[PDB]
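Structure data (TSV, C-alpha atoms) from coords04.tsv:
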chain	number	residue	atom	x	y	z
A	1	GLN	CA	-0.58	-18.38	-5.42
A	2	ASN	CA	0.50	-15.04	-6.88
A	3	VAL	CA	-0.90	-11.89	-5.30
A	4	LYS	CA	-3.15	-9.42	-7.08
A	5	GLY	CA	-3.80	-7.12	-4.13
A	6	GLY	CA	-6.07	-4.13	-3.55
A	7	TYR	CA	-6.60	-1.81	-0.58
A	8	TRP	CA	-9.95	-0.23	0.29
A	9	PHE	CA	-11.06	2.22	2.97
A	10	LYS	CA	-14.58	3.41	3.82
A	11	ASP	CA	-13.95	7.13	3.22
A	12	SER	CA	-12.71	6.41	-0.33
A	13	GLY	CA	-16.15	6.97	-1.90
A	14	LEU	CA	-16.52	3.46	-3.29
A	15	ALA	CA	-19.31	1.41	-1.74
A	16	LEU	CA	-18.17	-1.93	-0.33
A	17	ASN	CA	-20.69	-3.74	-2.56
A	18	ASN	CA	-19.19	-2.07	-5.64
A	19	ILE	CA	-15.64	-3.38	-5.22
A	20	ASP	CA	-15.01	-5.58	-8.26
A	21	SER	CA	-13.37	-8.43	-6.36
A	22	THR	CA	-12.98	-10.48	-9.58
A	23	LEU	CA	-9.89	-8.39	-10.39
A	24	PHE	CA	-8.05	-9.32	-7.17
A	25	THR	CA	-6.81	-12.33	-5.19
A	26	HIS	CA	-6.47	-10.45	-1.89
A	27	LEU	CA	-8.35	-7.41	-0.63
A	28	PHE	CA	-7.12	-5.32	2.29
A	29	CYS	CA	-9.68	-3.60	4.50
A	30	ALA	CA	-8.11	-0.44	6.00
A	31	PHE	CA	-7.73	0.38	8.83
A	32	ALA	CA	-8.20	-1.31	12.19
A	33	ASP	CA	-6.86	0.77	15.10
A	34	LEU	CA	-4.83	0.29	18.26
A	35	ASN	CA	-6.68	0.97	21.51
A	36	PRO	CA	-3.80	2.35	23.63
A	37	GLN	CA	-5.55	1.76	26.97
A	38	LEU	CA	-6.08	-1.96	26.27
A	39	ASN	CA	-3.22	-2.49	23.81
A	40	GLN	CA	-5.76	-4.36	21.69
A	41	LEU	CA	-6.71	-4.16	18.04
A	42	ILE	CA	-10.14	-2.58	17.58
A	43	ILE	CA	-12.42	-1.27	14.84
A	44	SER	CA	-13.74	2.30	15.16
A	45	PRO	CA	-17.49	2.98	15.44
A	46	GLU	CA	-17.40	4.58	11.96
A	47	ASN	CA	-15.76	1.48	10.43
A	48	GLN	CA	-17.78	-1.15	12.35
A	49	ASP	CA	-20.72	-1.67	9.96
A	50	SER	CA	-18.61	-1.99	6.79
A	51	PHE	CA	-15.71	-3.97	8.32
A	52	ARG	CA	-18.11	-6.60	9.69
A	53	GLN	CA	-19.60	-7.11	6.22
A	54	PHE	CA	-16.35	-6.66	4.25
A	55	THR	CA	-15.48	-10.32	3.70
A	56	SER	CA	-18.96	-11.73	3.03
A	57	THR	CA	-19.77	-8.84	0.67
A	58	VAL	CA	-16.63	-8.99	-1.50
A	59	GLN	CA	-16.95	-12.80	-1.61
A	60	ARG	CA	-20.38	-12.47	-3.27
A	61	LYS	CA	-18.73	-11.26	-6.49
A	62	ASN	CA	-15.72	-13.56	-6.06
A	63	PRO	CA	-15.94	-16.45	-3.58
A	64	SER	CA	-12.22	-17.18	-4.09
A	65	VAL	CA	-11.02	-13.73	-2.97
A	66	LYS	CA	-9.22	-13.64	0.38
A	67	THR	CA	-9.41	-10.70	2.76
A	68	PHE	CA	-7.00	-8.93	5.09
A	69	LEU	CA	-7.70	-6.64	8.00
A	70	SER	CA	-5.09	-3.87	7.68
A	71	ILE	CA	-3.78	-2.16	10.79
A	72	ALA	CA	-2.60	1.37	11.68
A	73	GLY	CA	-1.74	3.18	8.43
A	74	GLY	CA	-0.43	6.67	7.69
A	75	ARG	CA	-2.67	8.53	10.15
A	76	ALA	CA	-2.07	6.28	13.17
A	77	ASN	CA	-0.22	7.33	16.32
A	78	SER	CA	3.18	5.67	15.98
A	79	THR	CA	4.03	6.17	19.69
A	80	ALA	CA	1.09	3.95	20.69
A	81	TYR	CA	2.57	1.11	18.61
A	82	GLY	CA	6.02	1.76	20.09
A	83	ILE	CA	4.50	1.44	23.59
A	84	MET	CA	2.61	-1.72	22.62
A	85	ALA	CA	5.71	-3.37	21.13
A	86	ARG	CA	7.87	-2.49	24.18
A	87	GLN	CA	6.66	-5.26	26.52
A	88	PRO	CA	5.70	-8.96	26.35
A	89	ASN	CA	2.33	-8.32	28.02
A	90	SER	CA	1.19	-5.56	25.64
A	91	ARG	CA	2.48	-7.49	22.61
A	92	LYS	CA	0.45	-10.50	23.77
A	93	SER	CA	-2.80	-8.55	24.19
A	94	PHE	CA	-2.32	-6.99	20.74
A	95	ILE	CA	-1.49	-10.33	19.10
A	96	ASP	CA	-4.37	-12.20	20.78
A	97	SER	CA	-6.96	-9.51	20.01
A	98	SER	CA	-5.85	-9.28	16.36
A	99	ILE	CA	-6.28	-13.04	15.81
A	100	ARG	CA	-9.67	-13.08	17.58
A	101	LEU	CA	-10.91	-10.10	15.55
A	102	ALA	CA	-9.76	-11.52	12.21
A	103	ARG	CA	-11.53	-14.83	12.94
A	104	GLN	CA	-14.67	-13.08	14.25
A	105	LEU	CA	-15.05	-11.00	11.07
A	106	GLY	CA	-13.98	-13.68	8.57
A	107	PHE	CA	-10.65	-12.14	7.56
A	108	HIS	CA	-8.09	-14.64	6.26
A	109	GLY	CA	-5.14	-12.44	7.21
A	110	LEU	CA	-3.71	-9.54	9.18
A	111	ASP	CA	-1.66	-6.77	7.55
A	112	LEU	CA	0.47	-4.48	9.73
A	113	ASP	CA	0.92	-0.98	8.28
A	114	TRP	CA	3.01	0.67	10.98
A	115	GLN	CA	4.24	3.90	9.39
A	116	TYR	CA	6.69	4.08	11.00
A	117	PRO	CA	8.59	2.79	14.04
A	118	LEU	CA	10.20	5.92	15.49
A	119	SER	CA	13.52	4.57	16.81
A	120	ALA	CA	15.98	1.71	16.38
A	121	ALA	CA	14.56	0.26	19.62
A	122	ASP	CA	11.06	0.32	18.08
A	123	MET	CA	12.41	-1.48	15.01
A	124	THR	CA	14.00	-4.16	17.21
A	125	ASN	CA	10.70	-4.51	19.11
A	126	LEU	CA	8.78	-4.81	15.82
A	127	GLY	CA	11.07	-7.79	15.08
A	128	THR	CA	10.17	-9.38	18.41
A	129	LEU	CA	6.46	-8.65	17.84
A	130	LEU	CA	6.52	-10.47	14.49
A	131	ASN	CA	8.34	-13.44	16.07
A	132	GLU	CA	5.61	-13.77	18.69
A	133	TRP	CA	2.76	-12.98	16.28
A	134	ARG	CA	3.86	-15.78	13.93
A	135	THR	CA	4.11	-18.28	16.80
A	136	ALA	CA	0.61	-17.33	18.01
A	137	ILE	CA	-0.85	-17.58	14.48
A	138	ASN	CA	0.72	-21.03	14.01
A	139	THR	CA	-0.58	-22.14	17.43
A	140	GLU	CA	-4.13	-20.95	16.66
A	141	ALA	CA	-4.03	-22.87	13.35
A	142	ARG	CA	-2.86	-26.04	15.14
A	143	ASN	CA	-5.42	-25.69	17.96
A	144	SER	CA	-8.41	-24.87	15.73
A	145	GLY	CA	-7.55	-27.28	12.90
A	146	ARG	CA	-7.90	-24.36	10.47
A	147	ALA	CA	-5.49	-22.99	7.87
A	148	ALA	CA	-3.28	-20.34	9.49
A	149	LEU	CA	-4.12	-16.67	9.14
A	150	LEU	CA	-1.84	-14.89	6.70
A	151	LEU	CA	0.46	-12.23	8.14
A	152	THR	CA	1.83	-9.37	6.04
A	153	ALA	CA	3.17	-5.85	6.48
A	154	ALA	CA	3.14	-2.71	4.35
A	155	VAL	CA	6.67	-1.35	4.40
A	156	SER	CA	8.74	1.53	3.06
A	157	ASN	CA	10.12	1.30	-0.50
A	158	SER	CA	13.55	0.60	1.00
A	159	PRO	CA	14.35	-1.31	4.25
A	160	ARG	CA	15.98	1.87	5.60
A	161	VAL	CA	13.40	4.50	6.53
A	162	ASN	CA	14.05	7.78	8.37
A	163	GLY	CA	17.61	6.57	9.06
A	164	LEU	CA	16.35	3.34	10.65
A	165	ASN	CA	16.76	-0.24	9.44
A	166	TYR	CA	13.79	-2.61	9.49
A	167	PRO	CA	14.23	-5.90	11.39
A	168	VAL	CA	14.68	-7.57	8.01
A	169	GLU	CA	15.45	-11.08	9.32
A	170	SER	CA	12.22	-11.09	11.33
A	171	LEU	CA	10.21	-9.77	8.36
A	172	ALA	CA	11.64	-12.46	6.05
A	173	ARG	CA	11.10	-15.30	8.53
A	174	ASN	CA	7.69	-14.39	9.99
A	175	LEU	CA	5.67	-12.74	7.23
A	176	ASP	CA	3.96	-14.46	4.32
A	177	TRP	CA	4.97	-11.42	2.28
A	178	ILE	CA	5.73	-7.70	2.43
A	179	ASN	CA	3.69	-5.07	0.63
A	180	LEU	CA	6.26	-2.66	-0.80
A	181	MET	CA	5.00	0.94	-0.75
A	182	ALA	CA	6.67	1.88	-4.05
A	183	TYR	CA	5.03	5.30	-4.15
A	184	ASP	CA	5.08	8.68	-2.32
A	185	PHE	CA	8.78	9.06	-3.18
A	186	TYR	CA	8.08	12.75	-3.77
A	187	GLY	CA	5.02	14.90	-3.01
A	188	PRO	CA	4.11	18.56	-2.38
A	189	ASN	CA	3.99	17.98	1.42
A	190	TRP	CA	7.60	16.73	1.65
A	191	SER	CA	9.30	17.92	-1.55
A	192	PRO	CA	7.42	21.08	-2.65
A	193	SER	CA	10.15	22.80	-4.68
A	194	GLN	CA	10.42	20.52	-7.71
A	195	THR	CA	8.27	18.17	-9.74
A	196	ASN	CA	9.02	14.44	-9.64
A	197	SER	CA	7.44	11.08	-10.42
A	198	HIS	CA	6.12	9.87	-7.06
A	199	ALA	CA	6.31	6.16	-8.00
A	200	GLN	CA	8.96	5.86	-10.77
A	201	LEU	CA	10.08	2.27	-11.40
A	202	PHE	CA	13.58	3.47	-12.40
A	203	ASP	CA	15.69	6.45	-11.37
A	204	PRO	CA	19.10	6.92	-13.05
A	205	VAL	CA	19.48	10.25	-11.21
A	206	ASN	CA	19.07	9.48	-7.48
A	207	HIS	CA	18.15	5.77	-7.40
A	208	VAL	CA	14.90	6.55	-5.61
A	209	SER	CA	12.64	4.07	-7.42
A	210	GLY	CA	10.56	0.90	-7.12
A	211	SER	CA	13.30	-1.21	-8.73
A	212	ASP	CA	15.95	0.26	-6.42
A	213	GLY	CA	13.61	-0.45	-3.49
A	214	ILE	CA	13.13	-4.09	-4.55
A	215	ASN	CA	16.92	-4.37	-4.92
A	216	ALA	CA	17.53	-2.96	-1.43
A	217	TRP	CA	15.04	-5.42	0.11
A	218	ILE	CA	16.69	-8.30	-1.78
A	219	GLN	CA	20.19	-7.17	-0.70
A	220	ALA	CA	18.90	-7.02	2.90
A	221	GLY	CA	18.08	-10.74	2.64
A	222	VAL	CA	14.32	-10.82	2.01
A	223	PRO	CA	13.54	-13.39	-0.73
A	224	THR	CA	12.11	-12.16	-4.04
A	225	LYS	CA	9.09	-14.48	-3.60
A	226	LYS	CA	8.07	-12.55	-0.47
A	227	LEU	CA	7.91	-9.17	-2.24
A	228	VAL	CA	4.67	-7.64	-3.54
A	229	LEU	CA	5.03	-4.35	-5.47
A	230	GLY	CA	2.72	-1.46	-4.61
A	231	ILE	CA	1.16	0.51	-7.45
A	232	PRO	CA	-0.60	3.85	-6.88
A	233	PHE	CA	-4.09	4.64	-8.23
A	234	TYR	CA	-3.47	8.30	-7.34
A	235	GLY	CA	-0.90	11.07	-7.81
A	236	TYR	CA	0.12	14.57	-6.72
A	237	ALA	CA	-0.30	18.01	-8.27
A	238	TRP	CA	2.46	20.64	-7.94
A	239	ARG	CA	2.32	24.31	-8.87
A	240	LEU	CA	5.00	25.09	-11.47
A	241	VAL	CA	7.14	28.21	-10.94
A	242	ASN	CA	7.38	28.54	-14.73
A	243	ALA	CA	4.73	26.98	-16.99
A	244	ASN	CA	7.39	26.64	-19.73
A	245	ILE	CA	9.51	24.33	-17.56
A	246	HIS	CA	7.43	21.21	-17.10
A	247	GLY	CA	9.60	18.08	-17.15
A	248	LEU	CA	10.86	16.06	-14.21
A	249	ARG	CA	12.68	18.11	-11.56
A	250	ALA	CA	11.00	21.34	-12.77
A	251	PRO	CA	11.05	24.20	-10.22
A	252	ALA	CA	7.82	24.19	-8.21
A	253	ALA	CA	6.05	26.13	-5.44
A	254	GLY	CA	4.32	23.36	-3.45
A	255	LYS	CA	0.84	21.93	-3.96
A	256	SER	CA	-1.41	22.95	-6.84
A	257	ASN	CA	-4.99	23.92	-6.04
A	258	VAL	CA	-6.17	21.37	-8.63
A	259	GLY	CA	-5.21	18.73	-6.05
A	260	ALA	CA	-6.49	18.07	-2.52
A	261	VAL	CA	-6.32	21.06	-0.17
A	262	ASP	CA	-4.11	19.24	2.37
A	263	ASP	CA	-1.48	17.44	0.24
A	264	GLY	CA	-2.17	18.09	-3.46
A	265	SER	CA	-3.23	14.45	-3.95
A	266	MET	CA	-5.69	13.35	-6.65
A	267	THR	CA	-7.12	9.93	-7.46
A	268	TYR	CA	-6.25	8.51	-10.88
A	269	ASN	CA	-9.93	8.90	-11.82
A	270	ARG	CA	-9.82	12.61	-10.89
A	271	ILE	CA	-6.59	13.05	-12.88
A	272	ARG	CA	-8.12	11.41	-15.97
A	273	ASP	CA	-11.10	13.80	-15.72
A	274	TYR	CA	-8.69	16.72	-15.30
A	275	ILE	CA	-6.71	15.72	-18.41
A	276	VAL	CA	-9.93	15.72	-20.45
A	277	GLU	CA	-11.29	19.00	-19.04
A	278	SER	CA	-8.04	21.00	-19.19
A	279	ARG	CA	-6.68	19.47	-22.44
A	280	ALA	CA	-3.55	18.75	-20.42
A	281	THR	CA	-0.48	17.46	-22.23
A	282	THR	CA	0.40	13.93	-21.09
A	283	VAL	CA	3.83	12.29	-21.00
A	284	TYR	CA	4.81	8.68	-20.56
A	285	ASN	CA	8.47	8.75	-19.56
A	286	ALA	CA	10.03	5.48	-20.74
A	287	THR	CA	13.27	5.98	-18.77
A	288	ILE	CA	11.58	6.14	-15.35
A	289	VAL	CA	8.39	4.20	-16.21
A	290	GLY	CA	5.94	6.83	-14.97
A	291	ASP	CA	3.42	9.34	-16.24
A	292	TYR	CA	2.82	13.02	-15.74
A	293	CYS	CA	0.63	15.73	-17.20
A	294	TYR	CA	0.72	19.51	-17.31
A	295	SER	CA	-1.62	22.39	-18.08
A	296	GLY	CA	-0.66	25.99	-17.38
A	297	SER	CA	1.14	26.07	-14.03
A	298	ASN	CA	-0.25	22.68	-12.96
A	299	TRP	CA	1.86	19.51	-13.07
A	300	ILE	CA	0.67	16.06	-11.94
A	301	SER	CA	2.56	12.78	-11.38
A	302	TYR	CA	0.63	9.47	-11.58
A	303	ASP	CA	0.59	5.95	-13.08
A	304	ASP	CA	-1.41	5.38	-16.28
A	305	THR	CA	-2.02	2.23	-18.38
A	306	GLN	CA	1.45	1.89	-19.94
A	307	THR	CA	3.18	2.40	-16.58
A	308	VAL	CA	0.93	-0.15	-14.84
A	309	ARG	CA	1.44	-2.68	-17.66
A	310	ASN	CA	5.22	-2.20	-17.64
A	311	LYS	CA	5.51	-2.40	-13.83
A	312	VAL	CA	3.47	-5.61	-13.69
A	313	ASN	CA	5.50	-7.24	-16.50
A	314	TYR	CA	8.70	-6.11	-14.76
A	315	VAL	CA	7.91	-7.65	-11.36
A	316	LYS	CA	6.44	-10.81	-12.93
A	317	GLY	CA	9.64	-11.26	-14.96
A	318	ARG	CA	11.73	-10.73	-11.82
A	319	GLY	CA	9.92	-13.47	-9.89
A	320	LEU	CA	8.18	-11.27	-7.32
A	321	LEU	CA	5.05	-12.67	-5.64
A	322	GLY	CA	2.76	-10.07	-7.21
A	323	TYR	CA	1.50	-6.50	-6.96
A	324	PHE	CA	-1.03	-4.50	-5.00
A	325	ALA	CA	-2.93	-1.25	-5.57
A	326	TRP	CA	-3.41	1.69	-3.22
A	327	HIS	CA	-6.31	2.17	-3.45
A	328	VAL	CA	-9.13	0.52	-5.43
A	329	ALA	CA	-11.54	3.52	-5.42
A	330	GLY	CA	-8.88	5.59	-7.21
A	331	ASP	CA	-9.23	3.57	-10.44
A	332	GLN	CA	-11.25	4.77	-13.44
A	333	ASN	CA	-13.95	2.15	-14.22
A	334	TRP	CA	-11.56	-0.64	-13.09
A	335	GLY	CA	-9.22	0.27	-15.97
A	336	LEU	CA	-5.89	0.02	-14.18
A	337	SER	CA	-7.08	-2.94	-12.07
A	338	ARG	CA	-7.96	-4.91	-15.22
A	339	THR	CA	-4.74	-3.85	-16.95
A	340	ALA	CA	-2.71	-5.10	-13.96
A	341	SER	CA	-4.61	-8.40	-13.62
A	342	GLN	CA	-4.62	-9.30	-17.32
A	343	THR	CA	-0.98	-8.27	-17.76
A	344	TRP	CA	-0.01	-10.63	-14.93
A	345	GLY	CA	-2.32	-13.34	-16.26
A	346	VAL	CA	-2.55	-16.72	-14.54
A	347	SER	CA	-2.25	-16.16	-10.78
A	348	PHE	CA	-0.38	-19.34	-9.76

Exercise: express the given structure as structure tokens:
Amino acid sequence: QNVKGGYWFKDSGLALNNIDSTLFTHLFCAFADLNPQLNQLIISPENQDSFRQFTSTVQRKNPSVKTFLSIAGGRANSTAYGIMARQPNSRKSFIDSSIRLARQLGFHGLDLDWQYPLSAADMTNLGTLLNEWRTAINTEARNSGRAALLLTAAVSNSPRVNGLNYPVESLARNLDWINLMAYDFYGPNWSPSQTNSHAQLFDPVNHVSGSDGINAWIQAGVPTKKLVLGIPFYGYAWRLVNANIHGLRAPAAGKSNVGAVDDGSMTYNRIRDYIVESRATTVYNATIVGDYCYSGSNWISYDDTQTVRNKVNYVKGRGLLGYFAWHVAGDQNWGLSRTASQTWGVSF
């Protein structure tokens, strides 16, 4: 089966019951947390009510949709995961609790979003963790007579992150697939001084792109059929230094106040509304395969219809397993989700 994936989190402002699960094959419920005292996977009090109903609810609209419980994510404490992965006993309690929790709540899979291991030792220990996790998943399948839980991971665009190499052999051998985070290449909180496409499929300038990421993962020895390309339903707004200079790599002064206070981020839906209200000029850049818009001193990078269509055709043509969206609530009336699904077409 090909993957048409979508991530959801409670604080996204889309009600669980309003996720259009007909546009996806796999939905990822984000995020379960690590209890550092127990070294067990848990669900926070705030997430409890929705996470327990996640699978049954989304399956009402589409009984064939499969669900993942996603783990950790961008706001998690990476040191807690490093500690957990350090020892056989803490790995075992994490592994066992994750499998129990997935089964208890009806999830068909577990998705590790550790962002990111902090040292080479942590990367090595991640490799060991996945070895043991796979064995335990296979054993539970055998013992219960049930189909094995799926195991995936959301990973950096390239297999080298923060100067550290992923345990690529372990990822390739143990995971059903990897979710490539082909976005956040640039953003006001890490690259404030110039505009850039945060998810560009191509990059002739610096080779920071989704295609270059795919290529790096392939060169590292992960098979093409285990790659799923991430697509963002959001973007970032920069403040331009000079409103007249508004292409890629235009001088900037950090986040624009049209975006979120903390990081300048905006959902695709919010960007679409902004384009209408400000009469912003929009650009599809065919070289990079990405969109941006500008109005006055405000400049926003995002993926619109043509970019989503072209990305999906590109990865389909290349023999990747599929795509996923971060995150479903960011879409405008399921526009990009439908574009992606229908562009892919038949999902097997």

Closest atom pairs, region 195-245 of chain A residues within 12 Å of region 164-179 of chain A, all atoms listed in the file, as a Markdown table:
| residue | atom | partner | partner_atom | distance |
| --- | --- | --- | --- | --- |
| A:210 | CA | A:179 | CA | 12.0 |
| A:213 | CA | A:179 | CA | 11.7 |
| A:214 | CA | A:178 | CA | 10.8 |
| A:216 | CA | A:168 | CA | 10.9 |
| A:217 | CA | A:168 | CA | 8.2 |
| A:218 | CA | A:168 | CA | 10.0 |
| A:219 | CA | A:168 | CA | 10.3 |
| A:220 | CA | A:168 | CA | 6.7 |
| A:221 | CA | A:168 | CA | 7.1 |
| A:222 | CA | A:172 | CA | 5.1 |
| A:223 | CA | A:172 | CA | 7.1 |
| A:224 | CA | A:177 | CA | 9.6 |
| A:225 | CA | A:177 | CA | 7.8 |
| A:226 | CA | A:177 | CA | 4.3 |
| A:227 | CA | A:178 | CA | 5.4 |
| A:228 | CA | A:179 | CA | 5.0 |
| A:229 | CA | A:179 | CA | 6.3 |
| A:230 | CA | A:179 | CA | 6.4 |
| A:231 | CA | A:179 | CA | 10.1 |

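Computed from the coordinates, the CA of residue 265 (chain A) to CA of residue 336 (chain A) distance equals 17.9 Å.
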
Figure out the distance between CA of residue 332 (chain A) and CA of residue 300 (chain A), please, to one decimal in Å.
16.5 Å

Using CA of residue 185 (chain A) and CA of residue 74 (chain A) as the two end points, give the distance in Å to one decimal.
14.4 Å

Near region 9-28 of chain A, 9 Å: region 88-177 of chain A residue rows, closest pairs, all atoms listed in the file, as JSON lines:
{"residue": "A:109", "atom": "CA", "partner": "A:28", "partner_atom": "CA", "distance": 8.9}
{"residue": "A:110", "atom": "CA", "partner": "A:28", "partner_atom": "CA", "distance": 8.8}
{"residue": "A:111", "atom": "CA", "partner": "A:28", "partner_atom": "CA", "distance": 7.7}

Shell around region 114-119 of chain A at 12 Å using only C-alpha atoms, local window under 5 positions removed, as a PyMOL selection string
chain A and resi 31-34+70-86+124-127+152-157+159-167+179+181

Contact residues around region 247-249 of chain A with all atoms listed in the file at 7 Å, ignoring same-chain residues under 5 positions, as a CSV table (one decimal) with C-alpha atoms, in the coordinates of the input:
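Output file result_38.csv is given in full below:
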chain,number,residue,atom,x,y,z
A,194,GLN,CA,10.4,20.5,-7.7
A,195,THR,CA,8.3,18.2,-9.7
A,196,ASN,CA,9.0,14.4,-9.6

If we count only C-alpha atoms, what is near region 234-242 of chain A at a cut-off of 8 Å, once residues fewer than 2 positions away on the same chain are taken out, given as a ChimeraX atom specification?
/A:187-188,192,194-195,198,232,244-246,250-259,263-269,271,297-303,326-327,330

Return as AutoDock Vina command-line options the centre and edge lengths, in Å with one decimal, of the box along x, y and z that encloses every atom of region 10-27 of chain A in the file, padded by 6 Å per side.
--center_x -13.6 --center_y -2.6 --center_z -3.3 --size_x 26.2 --size_y 31.5 --size_z 26.2

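Shortest separation to residue 278 (chain A) among A:54, A:186, A:133, A:294 occurs at residue A:294, atoms counted being only C-alpha atoms.
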
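Of the listed residues A:93, A:106, A:339, A:113, the one whose atoms come nearest to residue 132 (chain A) is A:93, with distances taken using all atoms listed in the file.
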
Which residues come within 6 Å of region 280-289 of chain A, counting all atoms listed in the file, excluding same-chain residues fewer than 6 positions away, as an NGL selection string?
:A and (200-203 or 295 or 307)
